Amino acid sequence: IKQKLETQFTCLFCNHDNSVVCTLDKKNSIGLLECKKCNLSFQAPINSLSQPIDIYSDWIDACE
Amino acid sequence: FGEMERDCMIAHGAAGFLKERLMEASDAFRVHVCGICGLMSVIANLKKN
Amino acid sequence: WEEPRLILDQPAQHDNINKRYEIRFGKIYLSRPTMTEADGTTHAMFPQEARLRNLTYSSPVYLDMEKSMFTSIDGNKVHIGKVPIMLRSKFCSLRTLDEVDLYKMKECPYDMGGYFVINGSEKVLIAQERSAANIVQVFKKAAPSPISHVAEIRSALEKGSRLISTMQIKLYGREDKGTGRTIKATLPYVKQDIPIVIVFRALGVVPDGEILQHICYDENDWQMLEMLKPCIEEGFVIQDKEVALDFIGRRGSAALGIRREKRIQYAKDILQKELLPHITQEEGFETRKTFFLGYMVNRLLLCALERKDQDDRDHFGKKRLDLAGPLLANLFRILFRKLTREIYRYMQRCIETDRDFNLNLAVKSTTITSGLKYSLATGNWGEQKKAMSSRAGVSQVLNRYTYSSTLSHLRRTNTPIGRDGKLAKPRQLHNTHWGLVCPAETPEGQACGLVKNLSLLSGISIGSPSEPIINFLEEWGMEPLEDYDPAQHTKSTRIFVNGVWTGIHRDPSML
Amino acid sequence: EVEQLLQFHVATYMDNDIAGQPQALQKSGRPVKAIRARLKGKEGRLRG
Amino acid sequence: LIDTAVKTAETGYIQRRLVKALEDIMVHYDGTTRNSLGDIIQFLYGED
Amino acid sequence: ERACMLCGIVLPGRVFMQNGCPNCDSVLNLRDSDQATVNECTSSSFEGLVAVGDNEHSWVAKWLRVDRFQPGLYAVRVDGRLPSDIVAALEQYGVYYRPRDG
Amino acid sequence: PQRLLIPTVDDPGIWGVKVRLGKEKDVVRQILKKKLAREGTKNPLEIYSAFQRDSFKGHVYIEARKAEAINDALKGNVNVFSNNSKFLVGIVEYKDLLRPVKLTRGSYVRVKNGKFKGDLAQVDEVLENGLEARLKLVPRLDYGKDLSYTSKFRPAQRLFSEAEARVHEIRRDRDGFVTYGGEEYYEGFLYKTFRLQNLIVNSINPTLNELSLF
DNA sequence: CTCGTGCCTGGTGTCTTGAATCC
DNA sequence: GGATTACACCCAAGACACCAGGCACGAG
RNA sequence: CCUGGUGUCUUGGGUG
Ligand SMILES: [Zn+2]
Ligand SMILES: [Zn+2]
Ligand SMILES: [Zn+2]
């Protein structure tokens with residue numbers, strides 16, 4: 001079953017903190033970051049061990 | 001006079017003795033209460049009565 | 001020399017002129033104990049005066065300090081405090097004198113010393129019992145837990161001898177419950193348990209076949225191999241070093257947002273240091289940690305396979321006694337850093353005035369002197385503001401009721417387990433106490449069985465450098481760890497020196 | 001920050017064993033003896 | 001020596017809870033055995 | 001440290017004696033004064049320390065009316081006022097004193 | 001006019017940051033050094049200003065355009081709490097952060113220092129420069145009785161008595177004015193200069209004893 | 001005689017990161 | 001996640017820190 | 001010429 005989790009991460013674009021939601025679909029190995037404020041979305045591959053800090057880390061490197 | 005000595009006097013049924021030990025032979029105090037609200041809020045000047 | 005230099009820096013733009021301010025601590029010198037009156041006059045202090053006038057029998061300590069001043073456009077004997085002297089030791093004014101003159105100093109020749117004098121009161125240090133460092137212990141876990149066996153080790157360096165960190169390897173999965181029976185480890189400063197295979201890959205050894213060649217030295221043992229099966233599959237998708245190191249860094253108590261380009265380089269420190277620091281801390285020696293990690297997993301499974309009993313926590317060979325020496329070093333270490341930070345905080349104000357500091361105004365001897373006096377007088381082992389959580393009762397007033405009682409009191413040992421925790425295991429007289437602690441002498445009441453007393457012929461090891469022992473082992477045939485293969489070495493004996501696996505030898509009987 | 005601090009002092013004045021947060025301390029370093037701690041335990045008002 | 005020193009506090013706690021459970025139980029003049037609420041515990045003390 | 005009453009800059013007092021005020025000395029001439037003069041134009045008493053790094057684009061600097069001055073430490077409030085004789089002399093120079101004492 | 005200098009949406013943001021109590025000025029200093037040292041380099045510190053208000057203990061305010069610059073300004077600062085505790089200030093709150101804020105001859109003040117600490121005094125006059133004020137005070141004297149002072153071992157208050165001084169231990173200066181032990185007493189009151197910073201002018205509460213006397 | 005430095009007393013205010021079973 | 005963990009008694013052994021301001025003494 | 005106040009909080013060591 002999918003996991004819809006709220007986090008305390010800051011969006012890299014709109015800078016609103018505590019407004020990034022992480023949807024981890026392990027059945028298809030696809031993780032999804034969403035911003036509850038400005039509405040952006042970032043997708044990245046996840047394994048079985050990953051957690052909201054794993055894809056949020058991949059989002060920091062995808063920008064820089 | 002600890003908790004276990006208290007129990008022994010109950011077993012003897014010596015209720016009168018236990019009362020005296022814990023009051024007259026120790027820290028007995030007189031307070032005034034209000035018959036309406038039941039608090040110890042009474043201001044009592046005894047020489048002015 | 002544990003932190004031998006203080007360093008400052010300012011990139012002068014106010015014509016940049018990096019001006020590093022540096023202070024180096026050198027030789028230590030000791031003087032005999034001296035009474036300095038309010039007058040200013042000084043004389044040698046002997047103990048009888050110290051008892052009578054409620055003084056502290058202590059020696060002034062002087063430390064060489066050296067200033068240096070790097071400047072790039074792009075001292076002498078400072079007094080640091082007084083250390084209480086143990087009577088009849090080599091630094092006590094009674095050690096000489098000779099029997100005739102002892103009587104003139106009002107000292108009794110039957111008084112054998114071994115204690116301190118603090119504000120006129122005689123204080124003796126009580127030996128503190130602790131578990132050995134750098135040894136693997138395996139224990140079983142209670143029924144309502146997903147863990148069944150745990151391996152534990154507290155790692156502590158050889159120099160100084162001081163604690164560093166603690167590490168655990170837990171085997172999950174109950175009896176027919178817990179599904180995949182995998183194994184995860186616990187690392188210092190990481191919030192979550194990490195599977196074993198991942199940390200093996202994170203050290204530079206990644207294909208399965210090499211990993212199993214580091215742990216199990218018996219290819220036939222299919223029971224052991226079947227228990228490592230789920231560990232491979234739960235860490236299969238992590239197939240190289242870089243994504244392994246990053247998986248670690250994403251848990252290690254840091255800040256949020258240090259990116260992959262650096263979050264690896266932060267985790268490489270948590271692996272190089274803090275994780276098993278007793279083996280080595282220099283770079284390019286990760287072969288020793290990988291080999292040691294395999295040994296741990298091997299020991300863990302032997303207990304889970306019921307081929308070896310769990311370790312007996314009360315076996316006296318797994319125990320150590322901290323006496324006056326080691327106990328003072330741990331306290332002196334804490335206080336010397338406190339003195340250091342007060343020097344550092346004072347330089348940042350006194351150099352903004354650009355005035356040469358007279359050094360003697362930047363060393364407040366009250367930090368060490370009051371620190372040692374307070375802890376020896378109360379027994380509170382720590383900084384005064386942190387009196388709780390610190391251990392109590394390490395120092396006690398020396399019982400002088402009778403002569404026998406003085407001898408017993410100076411030879412007492414204490415196990416600091418508590419009064420909380422009933423049971424029996426630390427309180428029982430264990431078989432391995434034979435000849436080392438008295439089987440008869442123990443207090444009645446709450447301390448019964450926890451406070452013990454050294455047998456008449458006991459001694460305590462003072463400590464010895466391990467470096468000459470290594471040289472002797474290699475001269476007589478010990479082979480390095482890079483030359484070792486379980487297929488070729490299916491029968492040789494492993495050699496440990498202070499708990500670190502250092503080599504292998506094929507003919508142990510002659511050695 | 002100032003209103004929460006008034007709430008804090010009034011709380012630890014009555015009960016200084018609130019779970020999940022650090023105890024109020026005296027300058028000597030030892031915890032403050034709140035009213036709740038006066039009544040409980042072997043030496044408090046009721047059992048002692 | 002350990003057993004005597006340990007298990008004395010085990011039984012000491014046992015006796016304390018027993019006394020508080022039973023302290024208010026009194027025989028009344030009708031032969032019933034009652035607590036302070038007047039609940040009947042036995043209709044006749046010791047059944048005899 | 002003292003604060004210039006005219007511009008609000010915070011400097012070691014001897015600086016006011018050595019170099020004058022870096023913002024004001026064209027009119028205040030503290031460099032060529034005595035200590036009595038320096039102490040009448042600068043105050044040992046001030047509050048609200050402000051690091052101004054970018055005078056000309058800082059809103060904080062514009063509010064404090066230090067946006068035309070040099071980067072440095074400034075004070076929100078400077079106690080005391082310029083002596084009436086110095087205020088009169090500044091006014092002769094086309095300089096209008098707006099007190100910084102609140 | 002000050003009203004034309006109000007902030008707008010085009011102005012930089014201001015963040016507050018929690019710092020160790022008593023270290024607010026140090027942090028402001030440290031930020032300035034970092035700013036000036038990095039000016040013109042490839043990695044300038046992109047803050048405009050920083051400040052600390054006494055009334056707001058434990059806080060520094062920092063002016064910038066991006067939050068990342070706030071983190072940059074504070075990086076490595078030992079006086080700053082490592083928790084990611086900065087907070088945003090609203091434009092409508094900016095000027096109040098920079099608000100800068102009595103004493104009249106004949107009014108009462110309370111002395112804050114010396115043997116007269118806590119005593120009520122009348123303001124008689126102030127120095128030309130504007131720093132110390134001459135105060136009229138009920139003296140606390142001993143007439144040299146035990147000579148061969150502190151606020152804990154001082155004397156009771158009582159008007160100066162020149163005939164007592166004449167008898168026991170004095171220079172006449174004018175009608176009703178004597179200099180006694182190098183202090184001036186006029187009609188029984190001490191007249192002594194105090195720093196204005198050494199007197200309290202606000203929220204004074206006269207005591208029972210002061211209502212009886214004055 | 002004046003200025004500067006050091007010492008003592010009084011008032012105000014905290015923080016580098018570091019024992020076990022049961023319900 | 002806390003709360004529970006015998007009773008009474010004896011005796012010896014201890015105690016805030018740092019910073020700023022003011023006053024006094026010494027030297028120029 | 002009757003009244004008449006000397007500490008606390010801990011820690012440690014002991015007794016049954
Ligand atoms: Zn967003
Ligand atoms: Zn009423
Ligand atoms: Zn100016």
# chains A, B, ... in the order shown; residues from 1 in each chain; ligands from 1
$ residues_near_ligand --ligand "ligand 3" --cutoff "10 Å" --atoms "only C-alpha atoms (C1' of nucleotides) and all ligand atoms" --output "JSON list (two decimals) with C-alpha atoms, in the first residue's frame"
[["chain", "number", "residue", "atom", "x", "y", "z"],
["F", 3, "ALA", "CA", 28.67, 56.69, 19.00],
["F", 4, "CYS", "CA", 28.71, 59.81, 16.82],
["F", 5, "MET", "CA", 25.76, 61.97, 17.58],
["F", 6, "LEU", "CA", 25.52, 63.23, 14.01],
["F", 7, "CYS", "CA", 25.74, 59.98, 12.01],
["F", 8, "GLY", "CA", 25.33, 57.31, 14.66],
["F", 9, "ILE", "CA", 28.48, 55.39, 13.81],
["F", 10, "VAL", "CA", 30.08, 53.33, 16.56],
["F", 11, "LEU", "CA", 33.86, 53.40, 16.90],
["F", 16, "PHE", "CA", 37.28, 59.88, 17.03],
["F", 20, "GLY", "CA", 37.70, 62.03, 13.38],
["F", 21, "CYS", "CA", 34.29, 60.69, 12.43],
["F", 22, "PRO", "CA", 34.66, 58.90, 8.88],
["F", 23, "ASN", "CA", 31.22, 60.22, 7.94],
["F", 24, "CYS", "CA", 31.18, 63.64, 9.58],
["F", 25, "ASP", "CA", 34.63, 65.03, 10.12],
["F", 26, "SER", "CA", 34.43, 67.46, 7.19],
["F", 27, "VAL", "CA", 32.08, 69.50, 9.36],
["F", 28, "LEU", "CA", 32.70, 68.19, 12.88],
["F", 30, "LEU", "CA", 36.95, 65.95, 15.68],
["F", 41, "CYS", "CA", 29.88, 65.18, 19.80],
["F", 42, "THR", "CA", 30.10, 61.46, 20.57],
["F", 66, "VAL", "CA", 22.57, 56.10, 7.42],
["F", 69, "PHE", "CA", 27.23, 56.67, 5.00],
["F", 74, "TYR", "CA", 25.84, 52.04, 13.96]]
$ interface_residues --of "chain I" --to "chain G" --cutoff "12 Å" --atoms "only C-alpha atoms (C1' of nucleotides)" --output "number ranges by chain"
I: 19, 21-23
$ residues_around --residues "residue 15 of chain C" --least-positions-apart "5" --cutoff "12 Å" --atoms "only C-alpha atoms (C1' of nucleotides)" --output "ChimeraX atom specification"
/C:71-74 /G:37
$ select_by_dssp --residues "chain E" --states "strand (DSSP E or B)" --output "ChimeraX atom specification"
/E:26-27,33-34,40-42
$ closest_residue --among "A:19, A:64, A:25, A:57" --to "ligand 1" --atoms "only C-alpha atoms and all ligand atoms"
A:19
$ residues_near_ligand --ligand "ligand 2" --cutoff "10 Å" --atoms "only C-alpha atoms (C1' of nucleotides) and all ligand atoms" --output "mmCIF file with C-alpha atoms, in the first residue's frame"
data_model
loop_
_atom_site.group_PDB
_atom_site.id
_atom_site.type_symbol
_atom_site.label_atom_id
_atom_site.label_comp_id
_atom_site.auth_asym_id
_atom_site.auth_seq_id
_atom_site.Cartn_x
_atom_site.Cartn_y
_atom_site.Cartn_z
ATOM 1 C CA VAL B 33 -14.131 27.242 59.771
ATOM 2 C CA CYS B 34 -17.079 29.018 58.170
ATOM 3 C CA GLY B 35 -20.322 27.089 58.499
ATOM 4 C CA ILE B 36 -21.455 28.166 55.026
ATOM 5 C CA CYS B 37 -18.474 27.766 52.709
ATOM 6 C CA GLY B 38 -16.486 25.299 54.797
ATOM 7 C CA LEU B 39 -13.119 27.001 54.273
ATOM 8 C CA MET B 40 -10.544 27.941 56.900
ATOM 9 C CA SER B 41 -11.004 31.603 55.924
ATOM 10 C CA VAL B 42 -12.116 32.892 59.281
#
$ residues_near_ligand --ligand "ligand 1" --cutoff "9 Å" --atoms "only C-alpha atoms (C1' of nucleotides) and all ligand atoms" --output "VMD selection string"
chain A and resid 10 to 16 19 to 20 34 to 41
$ write_last_selection --atoms "N, CA, C and O atoms" --output "compact mmCIF listing (two decimals), in the first residue's frame"
# COMPACT_ATOMS: atom_id res chain seq x y z
N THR A 10 11.96 21.83 3.84
CA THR A 10 11.67 23.10 3.18
C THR A 10 11.71 22.90 1.67
O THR A 10 12.66 22.30 1.15
N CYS A 11 10.68 23.38 0.98
CA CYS A 11 10.67 23.34 -0.47
C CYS A 11 11.82 24.17 -1.03
O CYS A 11 12.05 25.31 -0.61
N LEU A 12 12.55 23.58 -1.98
CA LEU A 12 13.73 24.23 -2.55
C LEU A 12 13.39 25.46 -3.39
O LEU A 12 14.30 26.23 -3.72
N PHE A 13 12.12 25.65 -3.75
CA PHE A 13 11.71 26.75 -4.62
C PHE A 13 10.91 27.82 -3.88
O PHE A 13 11.33 28.98 -3.83
N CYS A 14 9.77 27.46 -3.28
CA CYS A 14 8.92 28.45 -2.63
C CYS A 14 9.36 28.78 -1.20
O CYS A 14 8.90 29.79 -0.65
N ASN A 15 10.22 27.96 -0.60
CA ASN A 15 10.84 28.16 0.71
C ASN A 15 9.88 27.99 1.88
O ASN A 15 10.28 28.21 3.02
N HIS A 16 8.64 27.58 1.64
CA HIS A 16 7.74 27.27 2.75
C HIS A 16 8.20 25.99 3.43
O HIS A 16 8.40 24.96 2.78
N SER A 19 5.90 21.90 4.42
CA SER A 19 4.88 21.87 3.38
C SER A 19 5.26 20.93 2.23
O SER A 19 4.71 21.08 1.13
N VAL A 20 6.16 19.99 2.45
CA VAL A 20 6.54 18.99 1.45
C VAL A 20 5.95 17.65 1.86
O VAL A 20 6.20 17.17 2.97
N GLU A 34 5.85 16.35 -3.20
CA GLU A 34 4.84 17.34 -3.55
C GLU A 34 4.92 18.50 -2.57
O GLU A 34 5.20 18.32 -1.38
N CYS A 35 4.65 19.70 -3.08
CA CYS A 35 4.62 20.91 -2.26
C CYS A 35 3.17 21.31 -2.03
O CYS A 35 2.43 21.57 -2.98
N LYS A 36 2.76 21.37 -0.76
CA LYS A 36 1.41 21.78 -0.40
C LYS A 36 1.17 23.27 -0.63
O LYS A 36 0.03 23.72 -0.51
N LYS A 37 2.21 24.04 -0.96
CA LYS A 37 2.09 25.48 -1.15
C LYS A 37 2.12 25.85 -2.63
O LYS A 37 1.07 26.08 -3.23
N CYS A 38 3.32 25.92 -3.23
CA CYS A 38 3.44 26.36 -4.62
C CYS A 38 3.05 25.29 -5.63
O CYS A 38 2.90 25.61 -6.81
N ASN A 39 2.91 24.03 -5.21
CA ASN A 39 2.32 23.01 -6.05
C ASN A 39 3.27 22.26 -6.97
O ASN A 39 2.79 21.55 -7.87
N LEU A 40 4.58 22.38 -6.78
CA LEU A 40 5.52 21.65 -7.62
C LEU A 40 5.55 20.17 -7.26
O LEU A 40 5.05 19.75 -6.21
N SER A 41 6.15 19.38 -8.15
CA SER A 41 6.25 17.94 -7.97
C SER A 41 7.61 17.47 -8.48
O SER A 41 8.09 17.93 -9.52
$ residues_around --residues "segment 2-8 of chain H" --least-positions-apart "5" --cutoff "10 Å" --atoms "only C-alpha atoms (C1' of nucleotides)" --output "NGL selection string"
:I and (22-28)
$ residues_around --residues "residue 41 of chain E" --least-positions-apart "5" --cutoff "10 Å" --atoms "only C-alpha atoms (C1' of nucleotides)" --output "list in words"
residues 25, 26, 32, 33, 34 and 35 of chain E
$ interface_residues --of "chain B" --to "chain E" --cutoff "9 Å" --atoms "only C-alpha atoms" --output "PyMOL selection string"
chain B and resi 4+7+10
$ interface_residues --of "chain I" --to "chain D" --cutoff "10 Å" --atoms "only C-alpha atoms (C1' of nucleotides)" --output "VMD selection string"
chain I and resid 1 to 2 15 to 17
$ interface_residues --of "chain C" --to "chain A" --cutoff "10 Å" --atoms "only C-alpha atoms" --output "PDB file with N, CA and C atoms, in the first residue's frame"
ATOM      1  N   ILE C 194      20.977  -0.301  10.523  1.00  0.00           N
ATOM      2  CA  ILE C 194      21.396  -0.477   9.132  1.00  0.00           C
ATOM      3  C   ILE C 194      21.792  -1.932   8.910  1.00  0.00           C
ATOM      4  N   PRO C 195      21.249  -2.607   7.887  1.00  0.00           N
ATOM      5  CA  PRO C 195      21.618  -4.006   7.609  1.00  0.00           C
ATOM      6  C   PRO C 195      23.109  -4.196   7.353  1.00  0.00           C
ATOM      7  N   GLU C 234      17.804  -8.695   1.386  1.00  0.00           N
ATOM      8  CA  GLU C 234      17.306  -7.398   1.832  1.00  0.00           C
ATOM      9  C   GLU C 234      18.308  -6.270   1.592  1.00  0.00           C
ATOM     10  N   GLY C 235      19.509  -6.574   1.128  1.00  0.00           N
ATOM     11  CA  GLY C 235      20.437  -5.511   0.818  1.00  0.00           C
ATOM     12  C   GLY C 235      21.003  -5.722  -0.564  1.00  0.00           C
ATOM     13  N   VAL C 237      19.641  -4.539  -3.584  1.00  0.00           N
ATOM     14  CA  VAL C 237      19.449  -3.400  -4.479  1.00  0.00           C
ATOM     15  C   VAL C 237      20.505  -2.316  -4.276  1.00  0.00           C
ATOM     16  N   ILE C 238      21.256  -2.371  -3.183  1.00  0.00           N
ATOM     17  CA  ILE C 238      22.339  -1.437  -2.933  1.00  0.00           C
ATOM     18  C   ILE C 238      23.539  -2.170  -3.525  1.00  0.00           C
ATOM     19  N   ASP C 246      25.748   6.795   0.819  1.00  0.00           N
ATOM     20  CA  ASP C 246      24.710   7.813   0.895  1.00  0.00           C
ATOM     21  C   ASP C 246      23.523   7.332   1.716  1.00  0.00           C
ATOM     22  N   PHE C 247      23.189   6.036   1.621  1.00  0.00           N
ATOM     23  CA  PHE C 247      22.129   5.454   2.448  1.00  0.00           C
ATOM     24  C   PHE C 247      22.418   5.653   3.928  1.00  0.00           C
ATOM     25  N   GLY C 249      24.523   8.173   5.328  1.00  0.00           N
ATOM     26  CA  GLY C 249      24.499   9.600   5.654  1.00  0.00           C
ATOM     27  C   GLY C 249      23.109  10.201   5.810  1.00  0.00           C
ATOM     28  N   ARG C 250      22.105   9.608   5.158  1.00  0.00           N
ATOM     29  CA  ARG C 250      20.724  10.076   5.212  1.00  0.00           C
ATOM     30  C   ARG C 250      20.041   9.753   6.537  1.00  0.00           C
ATOM     31  N   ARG C 251      20.716   9.041   7.437  1.00  0.00           N
ATOM     32  CA  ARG C 251      20.239   8.760   8.781  1.00  0.00           C
ATOM     33  C   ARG C 251      21.081   9.325   9.904  1.00  0.00           C
ATOM     34  N   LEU C 256      19.478  18.792   7.534  1.00  0.00           N
ATOM     35  CA  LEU C 256      18.714  18.415   6.363  1.00  0.00           C
ATOM     36  C   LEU C 256      19.228  19.224   5.185  1.00  0.00           C
ATOM     37  N   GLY C 257      19.766  18.528   4.187  1.00  0.00           N
ATOM     38  CA  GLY C 257      20.268  19.217   3.023  1.00  0.00           C
ATOM     39  C   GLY C 257      21.761  19.424   2.973  1.00  0.00           C
ATOM     40  N   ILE C 258      22.494  18.303   2.923  1.00  0.00           N
ATOM     41  CA  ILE C 258      23.945  18.416   2.817  1.00  0.00           C
ATOM     42  C   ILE C 258      24.395  17.846   1.458  1.00  0.00           C
ATOM     43  N   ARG C 259      23.428  17.548   0.587  1.00  0.00           N
ATOM     44  CA  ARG C 259      23.562  16.848  -0.697  1.00  0.00           C
ATOM     45  C   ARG C 259      24.556  15.677  -0.832  1.00  0.00           C
ATOM     46  N   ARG C 260      24.246  14.762  -1.772  1.00  0.00           N
ATOM     47  CA  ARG C 260      25.037  13.564  -2.060  1.00  0.00           C
ATOM     48  C   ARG C 260      26.520  13.842  -2.275  1.00  0.00           C
ATOM     49  N   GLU C 261      26.857  14.979  -2.879  1.00  0.00           N
ATOM     50  CA  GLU C 261      28.241  15.352  -3.156  1.00  0.00           C
ATOM     51  C   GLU C 261      29.078  15.479  -1.872  1.00  0.00           C
ATOM     52  N   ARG C 263      27.264  14.541   1.633  1.00  0.00           N
ATOM     53  CA  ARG C 263      26.684  13.585   2.582  1.00  0.00           C
ATOM     54  C   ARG C 263      27.406  12.240   2.600  1.00  0.00           C
TER      55      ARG C 263
END
$ select_by_dssp --residues "segment 14-119 of chain G" --states "alpha helix (DSSP H)" --output "number ranges by chain"
G: 24-38, 67-74, 94-97
$ write_last_selection --atoms "C-alpha atoms" --output "mmCIF file, in the first residue's frame"
data_model
loop_
_atom_site.group_PDB
_atom_site.id
_atom_site.type_symbol
_atom_site.label_atom_id
_atom_site.label_comp_id
_atom_site.auth_asym_id
_atom_site.auth_seq_id
_atom_site.Cartn_x
_atom_site.Cartn_y
_atom_site.Cartn_z
ATOM 1 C CA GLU G 24 23.584 39.414 20.726
ATOM 2 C CA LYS G 25 26.059 42.275 20.230
ATOM 3 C CA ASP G 26 28.851 39.767 19.585
ATOM 4 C CA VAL G 27 26.816 38.052 16.861
ATOM 5 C CA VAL G 28 26.053 41.409 15.195
ATOM 6 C CA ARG G 29 29.801 42.173 15.241
ATOM 7 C CA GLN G 30 30.708 38.779 13.818
ATOM 8 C CA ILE G 31 28.208 39.185 11.005
ATOM 9 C CA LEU G 32 29.734 42.558 10.074
ATOM 10 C CA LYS G 33 33.253 41.078 9.946
ATOM 11 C CA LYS G 34 32.084 38.276 7.680
ATOM 12 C CA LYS G 35 30.219 40.698 5.381
ATOM 13 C CA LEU G 36 33.163 43.094 4.985
ATOM 14 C CA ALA G 37 35.687 40.279 4.507
ATOM 15 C CA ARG G 38 33.726 38.736 1.660
ATOM 16 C CA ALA G 67 16.899 32.549 3.639
ATOM 17 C CA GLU G 68 20.082 30.762 2.565
ATOM 18 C CA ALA G 69 21.981 33.999 3.246
ATOM 19 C CA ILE G 70 20.795 33.871 6.860
ATOM 20 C CA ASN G 71 22.252 30.381 7.236
ATOM 21 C CA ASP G 72 25.439 31.638 5.559
ATOM 22 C CA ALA G 73 25.736 34.604 7.959
ATOM 23 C CA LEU G 74 25.495 32.357 11.016
ATOM 24 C CA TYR G 94 9.794 46.269 10.557
ATOM 25 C CA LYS G 95 9.750 49.798 11.840
ATOM 26 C CA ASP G 96 8.739 48.911 15.323
ATOM 27 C CA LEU G 97 11.948 46.837 15.523
#
$ residues_around --residues "segment 16-24 of chain B" --least-positions-apart "4" --cutoff "9 Å" --atoms "only C-alpha atoms (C1' of nucleotides)" --output "compact mmCIF listing (two decimals) with N, CA, C and O atoms, in the first residue's frame"
# COMPACT_ATOMS: atom_id res chain seq x y z
N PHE B 1 6.49 7.27 65.22
CA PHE B 1 5.31 6.40 65.19
C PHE B 1 4.88 6.16 63.76
O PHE B 1 4.05 6.88 63.21
N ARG B 6 0.76 2.29 63.60
CA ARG B 6 -0.65 2.63 63.39
C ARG B 6 -1.51 1.38 63.23
O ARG B 6 -2.56 1.26 63.88
N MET B 9 -2.28 -0.72 66.47
CA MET B 9 -3.28 -0.20 67.38
C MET B 9 -4.69 -0.42 66.84
O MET B 9 -5.63 -0.55 67.63
N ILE B 10 -4.87 -0.39 65.52
CA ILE B 10 -6.16 -0.76 64.94
C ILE B 10 -6.53 -2.19 65.29
O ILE B 10 -7.66 -2.48 65.69
N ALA B 28 -1.19 18.94 67.79
CA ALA B 28 -2.58 19.40 67.86
C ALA B 28 -2.69 20.90 67.62
O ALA B 28 -1.89 21.69 68.13
N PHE B 29 -3.69 21.29 66.84
CA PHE B 29 -3.88 22.66 66.41
C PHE B 29 -5.37 22.95 66.34
O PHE B 29 -6.16 22.07 65.99
$ closest_residue --among "C:404, C:360, C:414, C:399" --to "residue 13 of chain J" --atoms "only C-alpha atoms (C1' of nucleotides)"
C:399
$ atom_distance --atom1 "atom CA of residue 475 of chain C" --atom2 "atom CA of residue 289 of chain C"
24.1 Å
$ interface_residues --of "chain C" --to "chain G" --cutoff "8 Å" --atoms "only C-alpha atoms" --output "PyMOL selection string"
chain C and resi 11-14
$ residues_around --residues "segment 142-147 of chain G" --least-positions-apart "6" --cutoff "8 Å" --atoms "only C-alpha atoms (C1' of nucleotides)" --output "PyMOL selection string"
chain G and resi 155+164-165+168-169
